[PDB]
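Read the structure below first, then the notes.
Values below: all heavy atoms of this structure, side chains included; hydrogens, waters and symmetry mates excluded. Letters A, B, ... mirror the listed sequences (proteins, then strands); counts begin at 1.
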Amino acid sequence: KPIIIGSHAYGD
Amino acid sequence: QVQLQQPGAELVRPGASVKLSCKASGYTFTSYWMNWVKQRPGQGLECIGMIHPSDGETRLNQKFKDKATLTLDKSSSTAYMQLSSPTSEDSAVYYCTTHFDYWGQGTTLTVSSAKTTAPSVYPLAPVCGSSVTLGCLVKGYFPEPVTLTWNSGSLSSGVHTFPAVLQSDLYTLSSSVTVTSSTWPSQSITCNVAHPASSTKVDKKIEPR
Amino acid sequence: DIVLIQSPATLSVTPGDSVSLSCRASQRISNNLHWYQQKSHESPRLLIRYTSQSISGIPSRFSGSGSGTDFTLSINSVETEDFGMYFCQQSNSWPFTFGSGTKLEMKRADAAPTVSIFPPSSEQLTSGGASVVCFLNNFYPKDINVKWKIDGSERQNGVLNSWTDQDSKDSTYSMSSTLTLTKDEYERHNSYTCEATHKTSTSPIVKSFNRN
């Protein structure tokens, strides 16, 4: 799944 | 909460491989990418690459293709980056970060062949106003860091302790203290320098010339 | 490969004033542009993602905008906790790349350096070297030139400079300058001078001593 900046703390 | 834990500092000799660690807690290690980022002293940030712990998918900045190798210990939720044949150009802070939101605190990597060397400590009295400044010069030590205090930490206001710089392959740093004219030399003022890597502590009392 | 330019490299602002920072990309990057704050001794911290999306917990005084190629981070009413380095980062094309950063520093009143010169420690001369030290303390703005003179002649080789970060309490900068010579060279001259040129005067601030 493509990395999305900030999706770890802040969701897709 | 999510934590990414990196050792503060690593020292490698030129040519010797170093492997930096990033231990992940607080979330599912296989659920997010792990990125590594290089930052040189005053300079910018460069992405080295990323690896996904689910399947080991990895994308590498081709600038680093012959320098960095990313691996994982899934059982301990640890990510690794190995730097091969390090040179002074690899001296830098290295951060792990998942999706550029949670960050480790970064590892300061130093590439040096310098040998552990205790500092020389020199007291700086004034030549020979309302206040007087004295200095303490710390020369020729390795590795960082030293801890410098004045009167064992009692004397903390009006102090400037300057970033260490390289004098050769060795470090030097200095500190000034400013006090009212009526307080020195009537009162003792001492520079204290601790260099734990050489298990050395040094006191120099500042004496009028 | 995509190059991001942050210009200028430093901005000075007074707390309460408003600011915008610039980031321009070498090619179009859609909305794949993020902003990071990095204080001294800290890792970077994501402030805005995907050009204008706000980050939970970040003060509402931060906002982003931009169009494909030119981007801006706006801070209305800078606060003391806002001073630090700001970076932009594109994630349109791998490798992801960062701009070089814009430092936000605290503007304050100009202040000339307080300058102190110190002859070598006599104990140091027994090592065969001789370090003359000049402290230039609590000045503003950060930019300063120090020149060493020996018996009136400028000396280039053997100077080591180190600068403190902006003072978190009075917003000043300080600097140390060490001129290291051999014992023999030190002893065969008699006038040592530390000259500081600063925005605060067209005349250098001079401190000097005579070896005896």
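- By number of non-hydrogen pairs under 4.5 angstrom with chain C, the leading residue of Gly44(B), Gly106(B), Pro123(B) is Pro123(B).
- The most heavy-atom pairs under 4.5 Å with chain C, out of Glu46(B), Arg59(B), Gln39(B), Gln62(B), come from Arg59(B).
- Proximity to chain C is absent for every atom of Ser120(B), based on heavy atoms less than 4.5 angstrom apart.
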Dump the intermediate steps for ring-ring contact (aromatic ring centres under 6.0 Å, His included) on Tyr192(C) and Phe209(C), then the final yes or no. CA-CA 5 Å; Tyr192(C) 290 86; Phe209(C) 68 88; 5.4 Å; yes
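- At a 4.5 Å heavy-atom cutoff, the contact between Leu60(B) and chain C is made by backbone atoms alone.
- Note that CD1 of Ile205(C) and SG of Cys134(C) are 10.0 Å apart. Values are rounded to the nearest 0.5 Å.
- In this structure, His198(C) contributes its side chain and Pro141(C) its backbone to a donor-acceptor pair below 3.5 Å.
- In terms of heavy-atom pairs under 4.5 Å with chain B, the best-connected choice from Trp94(C), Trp163(C), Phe135(C) is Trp94(C).
- Listed options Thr97(C), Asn138(C), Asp1(C), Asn210(C) were ranked by heavy-atom pairs under 4.5 angstrom with chain B; first place goes to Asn138(C).
- Among the candidates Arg45(C), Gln38(C), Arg49(C), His34(C), the residue making the largest number of heavy-atom pairs closer than 4.5 Å to chain B is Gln38(C).
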What's the verdict on ring-ring contact (aromatic ring centres under 6.0 Å, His included) for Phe98(C) and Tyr36(C), showing C-alpha distance, side-chain angles and the deciding distance? CA-CA 10 Å; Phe98(C) 295 78; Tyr36(C) 301 86; 5.7 Å; yes
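- Proximity to chain C is limited to the side chain of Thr172(B), based on heavy atoms less than 4.5 angstrom apart.
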Would you tabulate the side-chain donor-acceptor contacts of residues 127-143 of chain B under 3.5 Å, counting partners in other chains and residues two or more places apart, or write 'none'?
from	atom 1	to	atom 2	distance (Å)
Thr133(B)	OG1	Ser116(C)	OG	2.8
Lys139(B)	NZ	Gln167(B)	OE1	2.9

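- Within the 3.5 Å criterion, the main-chain N or O of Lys115(B) finds a donor-acceptor partner in the side chain of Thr117(B).
- Options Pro119(C), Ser91(C), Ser43(C), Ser131(C) differ in how many heavy-atom pairs under 4.5 Å they form with chain B, and the most are formed by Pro119(C).
- Counting heavy-atom pairs under 4.5 Å between each of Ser176(C), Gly99(C), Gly129(C) and chain B puts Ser176(C) at the top.
- When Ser127(C), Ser174(C), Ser100(C), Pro95(C) are compared by the number of non-hydrogen pairs under 4.5 Å with chain B, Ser174(C) comes out ahead.
- Ring geometry, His160(B) versus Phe162(B): the interplanar angle falls from 30° to 60°, so the pair is classed tilted.
- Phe100(B) touches chain C through backbone and side chain together, each having a heavy atom under 4.5 Å away.
- Enclosure of atom CG in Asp110(C) by more than 12 non-hydrogen atoms of other residues, nucleotides or ligands within 6.0 angstrom is indicated.
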